[PDB]
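**Student:** Residue numbers (our numbering), protein chains in the order written: chain A, 129 to 388; chain B, 129 to 388; chain C, 129 to 388; chain D, 129 to 388. Every residue, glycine too, gets a C-beta built ideally from N, C-alpha and C.
There are 4 protein chains.
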Amino acid sequence: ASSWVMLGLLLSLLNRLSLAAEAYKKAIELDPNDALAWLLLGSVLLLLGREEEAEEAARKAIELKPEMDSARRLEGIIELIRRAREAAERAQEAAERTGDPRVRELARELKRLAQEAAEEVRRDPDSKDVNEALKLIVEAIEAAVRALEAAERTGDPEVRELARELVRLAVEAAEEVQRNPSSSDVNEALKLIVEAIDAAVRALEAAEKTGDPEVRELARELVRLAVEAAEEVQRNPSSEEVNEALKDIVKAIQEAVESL
Amino acid sequence: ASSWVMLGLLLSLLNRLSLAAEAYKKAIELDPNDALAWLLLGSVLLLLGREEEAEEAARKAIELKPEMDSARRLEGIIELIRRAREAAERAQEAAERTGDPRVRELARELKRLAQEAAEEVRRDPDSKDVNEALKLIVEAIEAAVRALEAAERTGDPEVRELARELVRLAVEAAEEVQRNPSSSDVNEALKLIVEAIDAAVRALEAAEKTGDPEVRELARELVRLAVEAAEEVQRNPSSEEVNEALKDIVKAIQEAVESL
Amino acid sequence: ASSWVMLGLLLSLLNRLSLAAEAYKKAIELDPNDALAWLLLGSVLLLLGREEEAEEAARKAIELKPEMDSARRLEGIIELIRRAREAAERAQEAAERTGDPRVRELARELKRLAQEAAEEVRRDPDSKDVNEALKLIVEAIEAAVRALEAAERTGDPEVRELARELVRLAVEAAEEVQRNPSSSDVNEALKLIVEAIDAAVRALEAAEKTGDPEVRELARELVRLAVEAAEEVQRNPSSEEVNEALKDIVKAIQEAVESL
Amino acid sequence: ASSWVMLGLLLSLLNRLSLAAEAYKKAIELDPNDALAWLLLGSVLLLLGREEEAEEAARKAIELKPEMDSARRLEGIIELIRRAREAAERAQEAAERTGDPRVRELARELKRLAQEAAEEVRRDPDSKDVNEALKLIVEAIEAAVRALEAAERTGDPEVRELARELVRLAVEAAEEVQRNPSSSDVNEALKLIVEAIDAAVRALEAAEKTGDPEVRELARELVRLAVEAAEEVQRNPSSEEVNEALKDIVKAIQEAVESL
């Protein structure tokens with residue numbers, strides 16, 4: 129039973145993922161009561177591109193042994209990869225609807241970075257470091273597609289350029305955290321940045337819902353100081369001063385949006 | 129049965145390819161009905177230099193189980209390696225017949241690059257990336273030896289220098305795609321470049337068959353603009369503008385050669 | 129019995145430490161008389177962060193087979209890691225009591241370097257090279273916390289700055305030996321440097337116990353020439369001249385402290 | 129039987145060489161008729177420093193199966209390592225007898241490079257590349273100790289400086305081939321260089337045996353042009369021109385020494 133599991137692990141060490149998955153399937157055929165076999169089969173199938181078979185293997189492993197958190201780990205990993213691909217295609221659709229080559233190439237680079245981080249987490253599934261890194265990355269691309277849909281609903285060139293700057297800083301911070309996964313400083317920087325983007329999109333949505341020139345100019349002012357401070361903290365992540373500055377800024381945006 | 133297969137895999141992980149192949153042979157001796165055993169034995173024997181034994185193992189694996197595409201994969205890999213060695217010796221023979229030290233050292237560097245890519249695909253057989261990369265490389269060296277035979281059949285110094293420039297850009301693009309295998313931009317660049325070289329050799333062959341000064345000068349003009357645009361796209365691969373430019377150029381060469 | 133040991137080793141090769149530890153536990157469940165199983169389980173559990181389970185596994189392996197020195201090796205490794213964490217928290221407490229941001233960030237960087245060396249020795253336990261490297265590092269942080277407690281007991285700004293310089297050169301030499309573990313030159317440099325720091329802390333403690341202005345100025349003079357020569361030998365480790373110079377200096381400090 | 133062999137291989141993959149050797153010994157205890165077990169045990173024991181146990185394991189593997197050339201391979205590897213250590217201690221003794229710090233540090237660097245190449249071939253035993261590389265290196269250190277003994281027998285400062293230059297270029301070429309093992313150009317360069325050193329030591333020995341001022345000046349002239357051309361070919365290894373130049377020079381030295 130476990131002999132073919134060892135064989136599949138060995139084949140996976142030699143980068144022969146396909147033969148590894150075949151040996152895992154054969155081991156499961158010998159004894160389908162092996163949760164580790166289904167677990168490894170899903171893990172290796174994730175690397176091939178057959179996300180559906182990997183999800184089925186994860187479901188089988190979870191149903192066979194619920195206490196196995198590692199099975200739940202790659203289950204959430206597959207969910208996150210599907211979520212990231214959905215956000216990527218949504219960003220592509222929004223960029224195509226806008227027609228701007230700038231936002232189109234930015235969405236393309238964002239998709240490329242998401243795929244790179246997905247390949248990284250596929251190579252190292254158990255590492256909570258890159259797990260949470262890609263979690264921040266996927267909320268980043270989600271905030272990005274929310275900003276894109278808000279910009280499309282608005283239609284003004286000013287807020288269009290504002291959303292362009294926001295998604296630019298977003299993908300820049302995402303590239304930073306992808307290059308440096310195990311650095312808590314850029315981790316906190318990314319968390320603060322995505323919180324700032326969430327506050328910014330909420331504020332601009334509320335301003336567009338109101339529809340007054342004064343509140344629109346106020347919204348442009350807060351998002352402009354927000355992109356300023358976000359670029360500042362992205363260039364200087366290890367500064368608790370600028371961290372508290374962004375925290376104060378997002379607190380002020382929240383106070384303003386709940387006041388209006 | 130599978131115990132010695134595991135032993136051979138382990139030995140192959142330790143870079144002990146010879147003992148790995150011996151353990152694979154012993155595993156096949158224990159049970160010759162193991163397609164995976166023959167498959168791994170051929171894969172590891174490819175790395176030793178015994179292409180004949182690897183081809184025999186591939187044939188045995190295919191005849192035992194035809195559905196195994198990975199066996200067909202290294203079968204085509206061995207075919208491609210033999211094809212590349214044949215093109216390499218043909219290029220060496222043509223360069224020696226021409227006597228030019230320039231074309232001789234270019235053929236030598238081309239053989240070196242082909243051997244490097246062959247070693248790479250031997251180390252990573254299952255990767256369709258480097259598989260198709262070496263496929264483009266082998267059609268590149270085939271177009272190169274076709275250009276060499278055409279230049280030898282012509283004998284003019286002008287077309288000799290033209291073929292020199294073509295094989296120079298060919299080996300440069302081949303080195304580029306060998307250094308960067310997983311980049312679709314240089315993949316498309318190499319495909320476009322080899323299409324351009326095919327059109328160029330066809331056009332110059334037709335011009336030499338005609339044998340008129342005006343059509344010869346026209347051929348020299350198209351191949352000169354072709355090497356210009358090929359160097360341009362090789363220096364700027366990520367430019368869809370120059371990609372479409374080369375596409376238009378090869379379309380014009382095809383139209384001209386079918387018109388004459 | 130050994131099948132699950134092989135399975136755990138294979139899983140550990142794939143960076144699946146958790147499943148590796150689970151397979152090791154299952155192998156021990158199959159036969160608890162396997163000293164190698166307990167040994168590997170402790171080794172892999174050290175990497176997870178469960179130092180207690182790793183220490184228990186080391187104790188089990190030692191009690192099952194005392195002749196196994198490798199078990200004693202990671203036993204001492206766990207003891208050293210606990211010792212280093214204790215020295216790290218003591219340095220943090222001393223830096224917080226002093227309130228100086230300089231000494232606080234120095235203690236933070238020292239903790240970071242200690243954790244990095246601990247992760248390195250966890251990845252490569254059997255290497256006596258990094259073993260003894262982290263041994264010198266832990267006596268370095270111990271001399272550092274001794275200097276911190278001496279500076280806190282003194283309270284003078286002069287000796288405070290002196291201790292700051294000593295811990296600065298200490299953490300610099302520790303970073304050097306962590307970056308270059310397999311270099312006997314920096315090994316001897318670190319040994320000489322920690323001997324110099326031990327002599328310096330002993331001398332300054334004796335001077336503070338005496339409490340005379342002349343012996344205090346003499347102590348400041350010896351520690352100043354000591355930090356001078358220590359920086360010199362840290363910048364030029366491969367100089368037997370400066371090595372003998374530091375040896376003469378520490379001999380003079382010992383003679384003076386035993387004379388007073 | 130083979131289960132413990134797999135266990136030892138796995139442990140060796142994790143850099144646990146000691147436990148790997150222990151598992152190999154246990155596998156041999158289970159069945160001493162395993163030539164592969166003795167082979168792997170010797171291979172791994174070579175890495176520990178117990179050259180005697182590795183040599184005994186090699187002898188056992190050869191006596192059990194003579195057809196195993198890989199056993200003969202690490203047998204010759206151990207012989208070469210012992211030969212290199214003997215040449216290293218002979219060079220150290222000669223440098224100490226001469227008392228020159230220059231030749232002493234050169235012999236020290238030569239010993240360091242020999243040990244580095246020995247560790248490399250221990251890590252990769254089956255690679256004929258580094259095998260033959262260290263073969264050229266060991267004939268290089270042998271020619272070096274021959275030059276040292278010749279310089280000691282002569283005693284003149286001129287020939288002392290000449291031998292210093294020869295051993296300098298020798299260790300430089302040896303460092304080059306150690307840094308670049310898989311480069312046939314530096315392989316041929318090293319072969320030509322060691323042939324030149326052999327001719328030079330033979331010529332200077334014959335000149336010292338004759339003992340005439342004119343033949344001594346002639347010998348100094350040939351060794352000076354030899355070190356000139358050797359430095360030239362070491363700086364430009366890929367030049368067949370300088371290769372043929374050194375070949376002509378060594379041919380002239382041979383003609384002269386057989387004429388006198």
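Among C/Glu221, C/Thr226 and C/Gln220, whose alpha-carbon lies nearest the alpha-carbon of C/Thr282?
**Tutor:** For the purposes of this step, residue 282 of chain C is identified with residue 154 of the third sequence, where counting begins at 1. Nearest option by C-alpha distance: C/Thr226.
**Student:** Please name the residue, chosen from B/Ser312, B/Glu342 and B/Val361, that lies closest to B/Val370 on a Cα-to-Cα basis.
**Tutor:** In the second sequence, the residue the question calls residue 370 of chain B occupies position 242. Among B/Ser312, B/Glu342 and B/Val361, the Cα nearest to that of B/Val370 is on B/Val361.
**Student:** For B/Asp257, which three-state DSSP category applies?
**Tutor:** As a position in the second sequence, residue 257 of chain B is number 129, starting the count at 1. Note: B/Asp257 maps to helix in three-state DSSP.
**Student:** Output the distance between the C-alpha atoms of D/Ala215 and D/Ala189, rounded to the nearest integer angstrom.
**Tutor:** Against the fourth sequence, residue 215 of chain D aligns to sequence position 87. Against the fourth sequence, residue 189 of chain D aligns to sequence position 61. Near 28 Å, if we compare the C-alpha coordinates of D/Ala189 and D/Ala215.
**Student:** So, using beta-carbon positions, are A/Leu141 and C/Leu168 closer together than 8 Å?
**Tutor:** Here residue 141 of chain A corresponds to residue number 13 of the first sequence, with the count starting at 1. Here residue 168 of chain C corresponds to residue number 40 of the third sequence, with the count starting at 1. In this structure, C/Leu168 does not lie closer than 8 Å to A/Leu141 by Cβ.
**Student:** Checking 8 Å against the spacing of the C-beta atoms, do C/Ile381 and C/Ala335 come in under that value?
**Tutor:** Here the question's residue 381 of chain C lines up with position 253 in the third sequence. Here the question's residue 335 of chain C lines up with position 207 in the third sequence. Not closer than 8 Å, so no.
**Student:** Mind listing which residues of the stretch 249 to 269 of chain A have their C-beta closer than 7 Å to chain C's C-betas, in chain order?
**Tutor:** Taking 7 Å as the Cβ-Cβ cut-off against chain C, the residues of the stretch 249 to 269 of chain A that qualify are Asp252 and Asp254.
**Student:** What is the rounded straight-line gap between the Cα of A/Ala129 and the Cα of B/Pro160?
**Tutor:** For the purposes of this step, residue 129 of chain A is identified with residue 1 of the first sequence, where counting begins at 1. For the purposes of this step, residue 160 of chain B is identified with residue 32 of the second sequence, where counting begins at 1. Taking the straight line joining both Cα atoms gives about 21 Å.
**Student:** Look up A/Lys193 in the DSSP assignment and say whether it is helix, strand or coil.
**Tutor:** Residue mapping note: residue 193 of chain A aligns to position 65 of the first sequence, counting from 1. A/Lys193 falls in the coil class under three-state DSSP.
**Student:** Check distances from the C-beta atoms of the stretch 182 to 204 of chain B to those of chain A and list, in chain order, the residues that come in under 8 Å.
**Tutor:** The stretch 182 to 204 of chain B vs chain A, Cβ under 8 Å: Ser198.
**Student:** If B/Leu320 sits next to B/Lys263, beta carbons under 8 Å apart, how far is it from one beta carbon to the other, in whole angstroms?
**Tutor:** Position 192 of the second sequence, counted from the first residue, corresponds to residue 320 of chain B. Position 135 of the second sequence, counted from the first residue, corresponds to residue 263 of chain B. About 15 Å separates the two Cβ atoms, so there is no contact after all.
**Student:** Any contact between the stretch 261 to 276 of chain D and the stretch 201 to 217 of chain D? By contact I mean 3 or more CB pairs, one from each, below 8 Å.
**Tutor:** Contact between the stretch 261 to 276 of chain D and the stretch 201 to 217 of chain D is present, because at least three Cβ pairs lie under 8 Å.
**Student:** Please confirm whether B/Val295 has its beta-carbon closer than 8 Å to some beta-carbon of chain A.
**Tutor:** The residue you call residue 295 of chain B lines up with position 167 of the second sequence. Judged by the 8 Å Cβ criterion, B/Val295 is not in contact with chain A.
**Student:** Within 10 Å of its beta-carbon, does D/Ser312 have 16 or more other beta-carbons around it, so buried, or fewer, so exposed?
**Tutor:** Along the fourth sequence, read from residue 1 onward, the residue named residue 312 of chain D stands at position 184. Its Cβ having fewer than 16 others within 10 Å, D/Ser312 is exposed.
**Student:** In chain order, which continuous runs of the alpha helix (DSSP H) of length 4 or greater are located wholly inside the stretch 313 to 386 of chain C?
**Tutor:** Listed in chain order, they are 341 to 363.
**Student:** Taking 7 Å as the limit between beta carbons, can you name the residues of its chain near C/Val249, skipping five residues before and five after?
**Tutor:** Against the third sequence, residue 249 of chain C aligns to sequence position 121. Same-chain partners within the cutoff: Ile205, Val258, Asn259 and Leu262.
**Student:** Counting C-beta neighbours from all protein chains within 10 Å, is the total for D/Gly170 16 or more, i.e. buried, or is it exposed?
**Tutor:** The residue labelled residue 170 of chain D in the question sits at position 42 within the fourth sequence. Buried.
**Student:** Under a three-way DSSP split, which group does D/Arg274 fall into?
**Tutor:** Within the fourth sequence, numbered from 1, the residue matching residue 274 of chain D stands at position 146. In this structure, D/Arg274 counts as helix in the three-state DSSP scheme.
**Student:** Mapping DSSP to helix, strand and coil, what is D/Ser130?
**Tutor:** For the purposes of this step, residue 130 of chain D is taken as residue 2 along the fourth sequence, with counting starting at 1. In the structure shown, D/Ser130 sits in a helix (DSSP, three-state: H, G or I).
**Student:** What do you get for D/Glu157, buried or exposed, if any count of 16 or more other CB atoms within 10 angstroms of its CB means buried?
**Tutor:** Indexing the fourth sequence from 1 puts residue 157 of chain D at position 29. By the neighbour-count rule (16 or more Cβ atoms within 10 Å), D/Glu157 is not buried but exposed.
**Student:** For C/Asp254, is the classification buried or exposed, using 16 other Cβ atoms within 10 angstroms of its Cβ as the cut-off for buried?
**Tutor:** Here residue 254 of chain C corresponds to residue number 126 of the third sequence, with the count starting at 1. Under this definition C/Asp254 is a buried residue.
**Student:** Are the beta-carbon atoms of D/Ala298 and D/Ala279 separated by less than 8 Å?
**Tutor:** As a first step, residue 298 of chain D must be located in the fourth sequence, where it is residue number 170. As a first step, residue 279 of chain D must be located in the fourth sequence, where it is residue number 151. No, the pair does not count as a contact, with Cβ atoms beyond the cut-off.
**Student:** Quick one: is D/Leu142 near chain C, going by C-beta distance under 8 Å?
**Tutor:** The sequence position of residue 142 of chain D within the fourth sequence is 14, counting from 1. Judged by the 8 Å Cβ criterion, D/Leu142 is in contact with chain C.
**Student:** Alpha carbon to alpha carbon, what distance is there between C/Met134 and D/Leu145?
**Tutor:** Working through the fourth sequence from its first residue, we reach residue 145 of chain D at position 17. Working through the third sequence from its first residue, we reach residue 134 of chain C at position 6. Distance between the alpha carbons of D/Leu145 and C/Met134 is about 16 Å.
**Student:** Is it buried or exposed, B/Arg201, if we count other Cβ atoms within 10 angstroms and call 16 or more buried?
**Tutor:** Working through the second sequence from its first residue, we reach residue 201 of chain B at position 73. Flag for B/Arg201 reads buried.
**Student:** With distances taken Cα to Cα, identify the nearest neighbour of B/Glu368 among B/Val322, B/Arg352, B/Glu333 and B/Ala317.
**Tutor:** Within the second sequence, residue 368 of chain B is the residue found at index 240, counting from 1. If we check each option's Cα against that of B/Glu368, B/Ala317 comes out closest.
**Student:** Compute the Euclidean distance between the alpha carbons of B/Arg187 and B/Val385, then round it to the nearest angstrom.
**Tutor:** Here the question's residue 187 of chain B lines up with position 59 in the second sequence. Here the question's residue 385 of chain B lines up with position 257 in the second sequence. So the alpha carbons of these two residues sit roughly 42 Å apart.
**Student:** Is B/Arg281 helix, strand or coil by DSSP?
**Tutor:** In the second sequence, the residue the question calls residue 281 of chain B occupies position 153. DSSP places B/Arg281 in helix when its eight states are reduced to three.
**Student:** Do you know how far the Cα of B/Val314 is from the Cα of B/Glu303?
**Tutor:** Counting from one through the second sequence, the residue named residue 303 of chain B turns up at place 175. Counting from one through the second sequence, the residue named residue 314 of chain B turns up at place 186. Cα to Cα, the separation comes out at about 11 Å.
**Student:** Is the beta carbon of B/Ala165 sitting closer than 8 Å to the one on B/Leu173?
**Tutor:** Here residue 165 of chain B corresponds to residue number 37 of the second sequence, with the count starting at 1. Here residue 173 of chain B corresponds to residue number 45 of the second sequence, with the count starting at 1. No; because the gap between Cβ atoms is not below 8 Å, this pair is not in contact.
**Student:** 8 Å is my cut-off, CB to CB: does A/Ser366 come that close to chain C?
**Tutor:** Sequence index remark: in the first sequence, residue 366 of chain A carries index 238 (1-based). No, because no Cβ of chain C sits closer than 8 Å to the Cβ of A/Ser366.
**Student:** Using 8 Å as the threshold, is the C-beta distance between D/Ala324 and D/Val287 below it?
**Tutor:** Taking the first residue of the fourth sequence as 1, we reach residue 324 of chain D at position 196. Taking the first residue of the fourth sequence as 1, we reach residue 287 of chain D at position 159. It is not a contact, given that the beta carbons lie outside the stated cut-off.
**Student:** Just list the alpha helix (DSSP H) runs in the stretch 132 to 164 of chain C, keeping only unbroken ones of 4 residues or longer that don't cross its boundaries, in chain order.
**Tutor:** Here the runs fully enclosed are 145 to 158.
**Student:** Give me the subset of the stretch 304 to 317 of chain C whose CB atoms are less than 7 Å from a CB atom of chain D, sorted by chain position.
**Tutor:** Residues passing the 7 Å Cβ filter: none.
**Student:** Can you tell me whether D/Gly177 is buried or exposed, with buried defined as 16 or more other CB within 10 angstroms of its CB?
**Tutor:** On the fourth sequence, residue 177 of chain D is found 49 positions in, with the first residue counted as 1. Exposed: under 16 other Cβ atoms inside 10 Å.
**Student:** Which residues bound the alpha helix (DSSP H) around B/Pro229?
**Tutor:** Your numbering for residue 229 of chain B matches position 101 in the second sequence. Segment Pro229 to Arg251, the alpha helix (DSSP H) holding B/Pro229.
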